[PDB]
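Undergrad: Sharing a structure, written as structure tokens. Questions coming.
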């Protein structure tokens with residue numbers, strides 16, 4: 031896996047942007063997040079059927095991409111892919127169904143993109159030792175699944191900001207709810223790309239409120255994972271820094287890809303990237319925790335490959351050239 035990645039979500043569905051067959055995906059993407067696994071009544075047995083091709087055809091296309099050094103990852107999420115693991119029985123169905131899919135199509139990892147059904151229950155106050163079944167069970171399942179494949183297996187996640195950086199403000203309900211998940215799987219985690227979009231405002235470690243879609247916001251939000259931060263206003267409860275190579279930023283490929291805002295122009299984002307990666311400032315209000323940057327910052331994720339192709343390939347072309355440079 032490369033040191034500066036472009037990770038792109040791939041629609042297993044037509045939302046108006048059309049379907050792109052796997053072999054027609056721009057090679058500028060390093061990782062393809064196939065979206066999404068689907069769940070039925072039991073909210074725990076994950077299912078997936080390709081939007082085009084026979085099962086064998088789709089499997090072959092995945093093999094083709096892998097042969098070119100690309101990674102093809104199954105993303106768990108979407109409106110029709112809600113996962114609830116209230117007990118061991120549900121956890122086991124989840125594990126088995128996902129492994130079945132990985133076996134069937136040859137995915138080379140999984141992406142956790144669950145944005146509902148995840149809450150820190152009352153009394154669940156320690157991110158190193160979660161108590162909420164959903165959280166405990168997700169961690170267990172993720173570790174189990176990851177351990178079932180080698181020598182490498184890609185594990186990523188794309189929580190919304192409230193679940194991660196929101197932990198700076200509160201620890202309970204959705205606020206900080208992915209922190210125990212991240213911590214619980216940190217030794218298996220390839221990278222995390224928080225969704226820096228449809229997110230409104232975010233509080234940085236300087237206590238200032240920042241607006242999504244601005245260079246300051248991107249730097250402020252990423253810095254929390256790069257540096258670590260106190261949780262829920264508790265100075266003695268510090269969430270540890272991840273490796274810089276585990277930190278990415280998730281962005282919309284086009285303005286329309288995030289209908290509630292979040293899109294940032296590549297010109298502005300490159301300012302943020304130069305600051306994060308090289309410690310080169312741009313006259314922004316936010317001051318990076320590390321003066322000389324975090325050179326190992328892993329790259330960018332985008333929603334999505336399909337949106338990108340409908341927007342003059344702006345995201346893929348701009349950022350591939352930037353990173354290669």
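Residue numbers (full-length UniProt numbering): 31 to 355. The C-beta atom is built at its ideal place from N, Cα and C for all residues, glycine as well.
Could you spell out the range, first to last residue, of the alpha helix (DSSP H) harbouring residue 164?
TA: 163-177
Undergrad: Residue 68 lies in the beta strand (DSSP E); which residues open and close that run?
TA: 61-69
Undergrad: To the nearest angstrom, how far is it from the Cα of residue 322 to the Cα of residue 242?
TA: 24 Å
Undergrad: With a threshold of 7 Å on Cβ separation, who are the neighbours of residue 248 within its own chain once the five nearest residues in sequence on each side are excluded?
TA: 226, 279, 294, 299, 302
Undergrad: Using three-state DSSP, classify residue 112 as helix, strand or coil.
TA: coil
Undergrad: Give me the DSSP bridge partner(s) of residue 41.
TA: For residue 41, which the question treats as bridged, DSSP gives the partners 65.
Undergrad: Looking at C-alpha atoms only, which residue of 246, 146, 297, 125 is the closest neighbour of residue 205?
TA: 146
Undergrad: Span of the beta strand (DSSP E) holding residue 103?
TA: 101-107
Undergrad: Just to check my reading of the structure: residue 211 and residue 168 have Cβ atoms closer than 8 Å, yes? What is that Cβ distance to the nearest angstrom?
TA: 6 Å
Undergrad: What residues match up with residue 223 in a beta bridge as DSSP calls it?
TA: 278
Undergrad: Three or more beta-carbon pairs under 8 Å between the segment 220-235 and the segment 303-313, yes or no?
TA: no
Undergrad: How far does the alpha helix (DSSP H) with residue 157 in it reach, from first residue to last?
TA: Taken as a continuous stretch (DSSP letters only), residue 157 belongs to no alpha helix (DSSP H), as it is neither H nor E.
Undergrad: Check for me: the alpha helix (DSSP H) holding residue 246 runs from which residue to which?
TA: The continuous alpha helix (DSSP H) containing residue 246 extends over residues 245-257.
Undergrad: Measuring CA to CA, which of 253, 54, 61 is closest to residue 34?
TA: 61
Undergrad: Would you call the segment 78-96 in contact with the segment 113-123, where contact means no fewer than 3 C-beta pairs closer than 8 Å?
TA: Output reads no: the segment 113-123 does not touch the segment 78-96.
Undergrad: So if DSSP puts residue 333 in a beta bridge, which residue, or which two residues, is it bridged to?
TA: Note: residue 333 sits in a beta bridge opposite 282.
Undergrad: Around the C-beta of residue 223, are 16 or more other C-beta atoms found within 10 angstroms, so that it is buried, or is it exposed?
TA: buried
Undergrad: Could you give the DSSP three-state label for residue 119: helix, strand or coil?
TA: Residue 119 falls in the helix class under three-state DSSP.
Undergrad: Quick one: what's got a C-beta closer than 6 Å to residue 287's C-beta in the same chain, skipping five residues either side?
TA: 333, 337
Undergrad: Touching or not, the segment 44-55 and the segment 131-148, by the rule of three or more beta carbon pairs under 8 Å?
TA: Taking 8 Å as the limit for Cβ pairs, the verdict is that the segment 131-148 does not touch the segment 44-55.
Undergrad: Locate the alpha helix (DSSP H) running through residue 306, then write down its first and last residues.
TA: DSSP places residue 306 in the uninterrupted alpha helix (DSSP H) bounded by 296-308.
Undergrad: Between the beta-carbon of residue 200 and the beta-carbon of residue 262, is there less than 9 Å?
TA: Yes, the pair counts as a contact, with Cβ atoms nearer than the cut-off.
Undergrad: Determine, using beta carbons only, whether residue 192 and residue 124 come nearer to each other than 9 Å.
TA: no
Undergrad: Hey, quick one: how far does the beta strand (DSSP E) through residue 240 stretch, first residue to last?
TA: 239-241
Undergrad: Alpha carbon to alpha carbon, what distance is there between residue 161 and residue 151?
TA: 8 Å
Undergrad: Rounded to a whole number of angstroms, what is the C-alpha to C-alpha distance between residue 316 and residue 214?
TA: 30 Å
Undergrad: From residue 259 to residue 274, what does the alpha carbon distance come to, in whole angstroms?
TA: 15 Å
Undergrad: Roughly how many angstroms lie between the CA atoms of residue 82 and residue 42, to the nearest whole one?
TA: 8 Å
Undergrad: Classify residue 326 as helix, strand or coil using the three-state DSSP reduction.
TA: coil
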